[PDB]
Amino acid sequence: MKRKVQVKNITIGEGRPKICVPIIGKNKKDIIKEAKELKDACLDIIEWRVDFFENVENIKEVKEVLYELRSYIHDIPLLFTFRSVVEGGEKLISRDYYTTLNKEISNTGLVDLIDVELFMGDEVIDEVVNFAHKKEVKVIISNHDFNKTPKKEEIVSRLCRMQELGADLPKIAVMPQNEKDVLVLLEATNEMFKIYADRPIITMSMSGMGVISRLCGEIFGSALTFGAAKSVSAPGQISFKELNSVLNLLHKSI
C-alpha cells in the first residue's frame, strides 16, 4: 500500500488533491500582505518562495518574516522553498548557504515541509533530508525541466530516485513541446502512482498546454496542485479559487 503524508491537520495522498498557493513577496510587508489574503480562503497549503525575499541571505531576517507569517496563517501547513536559479529561481546563493538556510529554517519548528532540489546532489540532499526528518519536517524533493518533457521511463526513474533519497513527496515539473508531451507526463504520473510509488507524488506539465495536469490529480495521481494567488495567469496558471472549484467538480463526478 502507500504511506500518507500528514502536515498539520491536512492528509496529503488522500481524497481530493490539495491546493498549494505561493507567497512571492520581495519584502516583509508584501509577504504578510499576501499571507493575509490567503489565511481564510479555501486552500490547503501555503508555500513561501523565499528566493524572492530580498534579504534571503540574512538568516535572522528570514526568521523574522517566518515568525510573523506563522502568527498570521495559524495552523495552515507551510512549505518553505528556496528555488535555485538553475530551476527558475530569482537569487544566486552558495551551495553551503542553501544547506544552512534549509537546515536552520527546519530547526525553527515553524515550517511543515521544505522543498529540496534533486540536482543539488546526494551530499546536500542527505544532509538536509536527514535533518528535516529529525525535526519532523516533511520533504519534497523536486526536479524541473523548462525545455522538454523527458520520456515516461525517465520521469519514473527520477521519481523513484526521489523515493530512494527519502522524499516524503517526490515532485516533478516538465515543459511540453507538444500536446502528446502533456499526455506523457500524465501517463508517467499514473504508472508511478499505480506500479512504483509507495508514497504520494506531485507532478505537473507547465504552460497553457499543460494545465490539465493541474486539474486531474485525483484521477491520474498527482497529490498536490499549485494555484496562483492573483486572478491573472502567467499564462499557464490558474487562480486558486477557480482551481478549487474545478477540483470539487471532478471529485463529485467520481
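Numbering starts at 1 and follows the sequence shown.
Asker: Please compare 83-91 with 164-172 and say which has the higher mean C-alpha temperature factor in the record.
Answerer: Taking the mean B-factor of the alpha carbons in each, 83-91 is higher.
Asker: Should the higher mean CA B-factor in the entry be assigned to 231-239 or to 10-18?
Answerer: On average, C-alpha B-factors are higher across 231-239.
Asker: Out of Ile195, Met206, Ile46, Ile201, which residue has the highest Cα temperature factor in the PDB record?
Answerer: By C-alpha B-factor in the record, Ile195 ranks first.
Asker: Would you mind checking which of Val56, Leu224, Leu215, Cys42 has the top Cα temperature factor in the PDB entry?
Answerer: Max CA B-factor in the entry, restricted to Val56, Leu224, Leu215, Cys42: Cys42.
Asker: Based on the entry's values, in what third of the chain does the Cα temperature factor of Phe220 lie: lowest, middle or highest?
Answerer: Its C-alpha B-factor belongs to the middle third of this chain's values.
Asker: By the record's CA B-factor, is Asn190 among the lowest, middle or highest third of residues in the chain?
Answerer: Ranked within chain, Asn190 CA B lands in the middle tercile.
Asker: Would the CA B-factor of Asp30 place it in the lowest, middle or highest third of its chain?
Answerer: Highest third.
Asker: Select lowest, middle or highest to describe the third in which the CA B-factor of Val65 falls within its chain in this entry.
Answerer: It falls in the middle third of the chain.
Asker: Looking at the entry's B-factor column for C-alpha atoms only, identify whether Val124 ranks in the lowest, middle or highest third of its chain.
Answerer: Middle third of the chain for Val124's C-alpha B-factor.
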